[PDB]
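Working notes, structure below.
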Amino acid sequence: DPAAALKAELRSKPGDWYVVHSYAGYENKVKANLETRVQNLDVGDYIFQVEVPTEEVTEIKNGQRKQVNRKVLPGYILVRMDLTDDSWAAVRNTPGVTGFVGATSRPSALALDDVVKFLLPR
Amino acid sequence: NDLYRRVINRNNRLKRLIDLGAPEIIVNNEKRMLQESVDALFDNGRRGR
Amino acid sequence: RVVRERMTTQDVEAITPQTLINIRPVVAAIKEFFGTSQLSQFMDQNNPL
Amino acid sequence: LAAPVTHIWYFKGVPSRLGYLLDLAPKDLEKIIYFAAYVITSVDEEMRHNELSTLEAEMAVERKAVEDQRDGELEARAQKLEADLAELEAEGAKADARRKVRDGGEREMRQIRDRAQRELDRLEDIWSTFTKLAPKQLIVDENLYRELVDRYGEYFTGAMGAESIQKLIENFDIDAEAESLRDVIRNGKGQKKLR
RNA sequence: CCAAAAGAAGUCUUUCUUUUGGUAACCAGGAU
DNA sequence: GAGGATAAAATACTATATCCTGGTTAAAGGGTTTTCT
DNA sequence: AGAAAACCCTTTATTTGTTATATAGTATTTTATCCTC
């Protein structure tokens, strides 16, 4: 089962997946800027992976069957890391990030089931 | 029309994010923003910016 | 603000002083001043005095 | 709308009228309706009593078991300290080695004690919060609520947002509240009466 | 309620019929 | 020493005459689409 | 089939953070401290 396989894979890799909210269309841009700032700011031992889940849906717009690549979760990015005082700022200060999405006030980490459900090619 | 459009957009996004399945964090974030949109529609500036 | 945010999201040795500067906010401020203000007014030309 | 939404006229406008109907300070009502804290909307207070005696017994069992495991760990640390002393006295090694090994041992012992105390404190907080759980109680500190709902998911229902306030209004009889307020008016005096 | 086009009658220029076409908020400056 | 009750301060909201005229009404960035070579 | 110049959408994000010329009146929450048991 791909679900079980990815569960096993993501179990070992370090970090906890968090959710970041951006300005709607600033998703690939935010990913690129964050992956560049992770090297420029030397916080590469805390931030490990940035994912923007997408999936392709065929649409017959104007009578034209086209497989356009949509975004599963529009306006959110998935970041695997260990939250600290430096990582939090390095993420929250990326141009195009609206801030972390948390449960009550502080950042909350997704469960492996949810992240597997969206990092699996749809 | 702008204030109604914001409400409609937020409501449609939340409605689509529920049927699609999503964690509780994201759904609650969408609900909070929907709550803030109706507040702006009824009385803009009574709470916040 | 833009310059020092952009100095961290571009790889070094590709940066040139022309790729950090964004002149648009500066010219926007001048337009805002000379078009919208209570001190920038239409000259009074009822008579020379 | 895909979710319930409150009207700002009856929430914000001073005096807050939802905070008079439900007896909630505006400061923490803003927490509830803007997804900044949980609220206990219902609790079972007799099923509690029974399973509460039972779960007090169970919680004591859990605490004692964890404490015993930690005590065994401390005993292993003490055996390590005895081995260190054996190393010290056996061959020739003066103050340096003695002090180093003893500092390491005492540091480890104190760290184990601290871990025990902290875990016991967390479990004590869980128990204390559960025993006194009441409706309209704001559970900040998400992890506390997650632990409570996981351990004792029954005996209480808690929600968040405007749907929680909707459920609070549904489970709200308007006659007992009025009679209580009238009695307090007739007797209380002071700020209680003026409120 | 008005404009344009076409048809009919008379007057030398009106009437009848058909079709088409048909606002606000801000900021500023004055007056009594 | 602890709890309650009363001053204190601190925020929250509300109002401030009538009439007239003149100039403006979004930018900025991302992703995409369509046409041209 | 790839590149360039013109569309369509979003949003003024809201930090472990970019905002200091009113006064006068009332009303409601803190809060701090004092008094009592």
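Residue numbering restarts at 1 for every chain of the structure tokens, chains are lettered A, B, ... in their displayed order, and ligands are numbered from 1 as they appear.
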
Can you pull out the residues contacting residue B:9? Cut-off 10 Å, using only C-alpha atoms (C1' of nucleotides), and skip same-chain residues under 6 positions away; I want them as a PDB file with C-alpha atoms, in the first residue's frame.
```pdb
ATOM      1  CA  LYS B  15     -16.986  24.679   1.638  1.00  0.00           C
ATOM      2  CA  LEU B  34     -15.001  33.517   7.295  1.00  0.00           C
ATOM      3  CA  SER B  37     -15.455  38.545   6.766  1.00  0.00           C
TER       4      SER B  37
END
```

Item to check | Test item: residues at most 9 Å from stretch 24-28 of chain B, only C-alpha atoms (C1' of nucleotides), excluding those fewer than 3 positions along its chain, as an MDAnalysis selection string | outcome: (chainID A and resid 19 73 76 101:103 108 110) or (chainID B and resid 14 17:18 31:33) or (chainID D and resid 35 160:161)

Checklist entry - Which polymer residues have any atom within 12 Å of an atom of residue C:16, counting only C-alpha atoms (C1' of nucleotides), with same-chain residues fewer than 5 positions away left out, as a VMD selection string? => result chain C and resid 3 6 to 7 10 to 11 21

Next on the checklist: I want to know what sits within 12 Å of residue D:172, based on only C-alpha atoms (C1' of nucleotides), with residues of the same chain fewer than 3 positions away left out; could you give that as a PyMOL selection string?
Outcome noted: chain D and resi 21-23+41-42+135-136+165-169+175-178

Can you spit out the residues from that selection as a PDB file, in the first residue's frame, using C-alpha atoms?
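Okay, this is what ended up in again-v6.pdb:
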```pdb
ATOM      1  CA  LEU D  21     -26.693  36.034  28.381  1.00  0.00           C
ATOM      2  CA  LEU D  22     -23.987  33.389  28.916  1.00  0.00           C
ATOM      3  CA  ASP D  23     -22.060  35.087  31.762  1.00  0.00           C
ATOM      4  CA  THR D  41     -19.961  22.856  26.365  1.00  0.00           C
ATOM      5  CA  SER D  42     -21.199  19.844  28.352  1.00  0.00           C
ATOM      6  CA  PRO D 135     -19.300  23.930  31.468  1.00  0.00           C
ATOM      7  CA  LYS D 136     -18.197  27.267  30.001  1.00  0.00           C
ATOM      8  CA  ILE D 165     -21.585  29.158  21.494  1.00  0.00           C
ATOM      9  CA  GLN D 166     -24.523  27.755  19.546  1.00  0.00           C
ATOM     10  CA  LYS D 167     -24.341  24.561  21.597  1.00  0.00           C
ATOM     11  CA  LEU D 168     -24.041  26.622  24.784  1.00  0.00           C
ATOM     12  CA  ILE D 169     -27.233  28.508  23.929  1.00  0.00           C
ATOM     13  CA  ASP D 175     -35.900  30.378  33.792  1.00  0.00           C
ATOM     14  CA  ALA D 176     -33.363  29.019  36.286  1.00  0.00           C
ATOM     15  CA  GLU D 177     -30.947  31.790  35.327  1.00  0.00           C
ATOM     16  CA  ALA D 178     -33.621  34.445  35.861  1.00  0.00           C
TER      17      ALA D 178
END
```

Next on the checklist: Using only C-alpha atoms (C1' of nucleotides) and a cut-off of 10 Å, which residues of chain C sit close to chain E? Please list them as a list in words.
Outcome noted: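 Putting it all together, I get residues 36, 37, 38, 41, 42 and 44 of chain C.
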
Checklist entry - Counting only C-alpha atoms (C1' of nucleotides), which residues of chain G come no farther than 10 Å from chain D, as a PyMOL selection string? => result chain G and resi 27-29

Residue subset to file, keeping N, CA, C and O atoms (P, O5', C5', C4', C3', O3' and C1' of nucleotides), as a CSV table (one decimal), in the first residue's frame:
```
chain,number,residue,atom,x,y,z
G,27,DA,P,-24.4,56.9,32.4
G,27,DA,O5',-23.2,55.9,31.9
G,27,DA,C5',-23.5,55.0,30.9
G,27,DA,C4',-22.5,53.8,30.9
G,27,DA,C3',-22.5,53.0,32.2
G,27,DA,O3',-22.9,51.6,31.8
G,27,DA,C1',-20.3,53.5,31.5
G,28,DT,P,-22.8,50.4,32.9
G,28,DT,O5',-21.4,49.7,32.5
G,28,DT,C5',-21.1,49.5,31.1
G,28,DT,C4',-19.9,48.6,30.9
G,28,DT,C3',-19.7,47.5,31.9
G,28,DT,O3',-19.1,46.4,31.4
G,28,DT,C1',-17.9,49.1,32.2
G,29,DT,P,-19.2,45.0,32.1
G,29,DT,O5',-17.7,44.8,32.7
G,29,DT,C5',-16.7,44.0,32.1
G,29,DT,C4',-15.4,44.6,32.0
G,29,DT,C3',-14.3,44.0,32.8
G,29,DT,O3',-13.2,43.6,31.9
G,29,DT,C1',-14.3,46.3,33.2
```

Checklist entry - What is the distance, in Å and to one decimal place, between atom CA of residue D:126 and atom CA of residue D:151? => result 9.2 Å

Next on the checklist: For a quick check of understanding, using only C-alpha atoms (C1' of nucleotides), which of A:90, A:43, A:24, A:112 has the smallest distance to residue F:30?
Outcome noted: A:24

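In terms of minimum interatomic distance to chain A, B:20 ranks closest within B:20, B:41, B:3, B:8, counting only C-alpha atoms.
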
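For the atom pair formed by atom CA of residue A:94 and atom CA of residue A:53, the distance is 19.2 Å, given to one decimal.
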
Spatial neighbours of stretch 82-86 of chain A, max dist 7 Å, only C-alpha atoms (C1' of nucleotides), sep filter under 4 positions, as a PDB file with N, CA and C atoms (P, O5', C5', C4', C3', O3' and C1' of nucleotides), in the first residue's frame:
```
ATOM      1  N   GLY A  15      12.027  15.822  12.049  1.00  0.00           N
ATOM      2  CA  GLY A  15      11.212  17.016  11.981  1.00  0.00           C
ATOM      3  C   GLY A  15       9.734  16.712  12.170  1.00  0.00           C
ATOM      4  N   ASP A  16       8.970  17.790  12.311  1.00  0.00           N
ATOM      5  CA  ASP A  16       7.521  17.728  12.433  1.00  0.00           C
ATOM      6  C   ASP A  16       6.909  18.685  11.425  1.00  0.00           C
ATOM      7  N   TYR A  46      17.776  23.026  10.735  1.00  0.00           N
ATOM      8  CA  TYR A  46      16.461  23.042  11.357  1.00  0.00           C
ATOM      9  C   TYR A  46      15.316  22.887  10.373  1.00  0.00           C
ATOM     10  N   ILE A  47      15.432  23.426   9.163  1.00  0.00           N
ATOM     11  CA  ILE A  47      14.390  23.335   8.147  1.00  0.00           C
ATOM     12  C   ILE A  47      14.853  22.329   7.103  1.00  0.00           C
ATOM     13  N   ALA A  90      12.919  32.635  10.630  1.00  0.00           N
ATOM     14  CA  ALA A  90      13.363  32.439   9.256  1.00  0.00           C
ATOM     15  C   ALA A  90      12.199  32.069   8.351  1.00  0.00           C
TER      16      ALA A  90
ATOM     17  P    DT G  16       3.466  37.608  18.120  1.00  0.00           P
ATOM     18  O5'  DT G  16       5.058  37.642  18.253  1.00  0.00           O
ATOM     19  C5'  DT G  16       5.656  37.832  19.530  1.00  0.00           C
ATOM     20  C4'  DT G  16       7.095  37.339  19.545  1.00  0.00           C
ATOM     21  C3'  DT G  16       7.856  37.501  18.229  1.00  0.00           C
ATOM     22  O3'  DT G  16       8.714  38.640  18.281  1.00  0.00           O
ATOM     23  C1'  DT G  16       8.292  35.376  19.313  1.00  0.00           C
TER      24       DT G  16
END
```

Item to check | 12 Å contact set for residue A:66, only C-alpha atoms (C1' of nucleotides), chain neighbours under 6 positions out, as a list in words | outcome: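 The contact residues come out as residues 56, 57, 58, 59 and 60 of chain A.
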
Okay, now the selection with N, CA, C and O atoms, as a PDB file, in the first residue's frame?
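Result file part_6.pdb:
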```pdb
ATOM      1  N   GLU A  56      -3.457  17.164 -10.678  1.00  0.00           N
ATOM      2  CA  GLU A  56      -3.866  17.550 -12.023  1.00  0.00           C
ATOM      3  C   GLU A  56      -5.274  17.028 -12.294  1.00  0.00           C
ATOM      4  O   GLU A  56      -5.537  15.831 -12.136  1.00  0.00           O
ATOM      5  N   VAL A  57      -6.169  17.925 -12.700  1.00  0.00           N
ATOM      6  CA  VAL A  57      -7.563  17.599 -12.992  1.00  0.00           C
ATOM      7  C   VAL A  57      -7.841  17.978 -14.440  1.00  0.00           C
ATOM      8  O   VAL A  57      -7.491  19.082 -14.877  1.00  0.00           O
ATOM      9  N   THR A  58      -8.468  17.067 -15.181  1.00  0.00           N
ATOM     10  CA  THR A  58      -8.790  17.329 -16.578  1.00  0.00           C
ATOM     11  C   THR A  58     -10.079  18.138 -16.678  1.00  0.00           C
ATOM     12  O   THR A  58     -11.110  17.757 -16.115  1.00  0.00           O
ATOM     13  N   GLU A  59     -10.017  19.259 -17.398  1.00  0.00           N
ATOM     14  CA  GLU A  59     -11.153  20.156 -17.564  1.00  0.00           C
ATOM     15  C   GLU A  59     -11.397  20.380 -19.049  1.00  0.00           C
ATOM     16  O   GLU A  59     -10.448  20.426 -19.836  1.00  0.00           O
ATOM     17  N   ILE A  60     -12.667  20.536 -19.420  1.00  0.00           N
ATOM     18  CA  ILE A  60     -13.068  20.652 -20.819  1.00  0.00           C
ATOM     19  C   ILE A  60     -13.352  22.117 -21.136  1.00  0.00           C
ATOM     20  O   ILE A  60     -14.157  22.426 -22.021  1.00  0.00           O
TER      21      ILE A  60
END
```
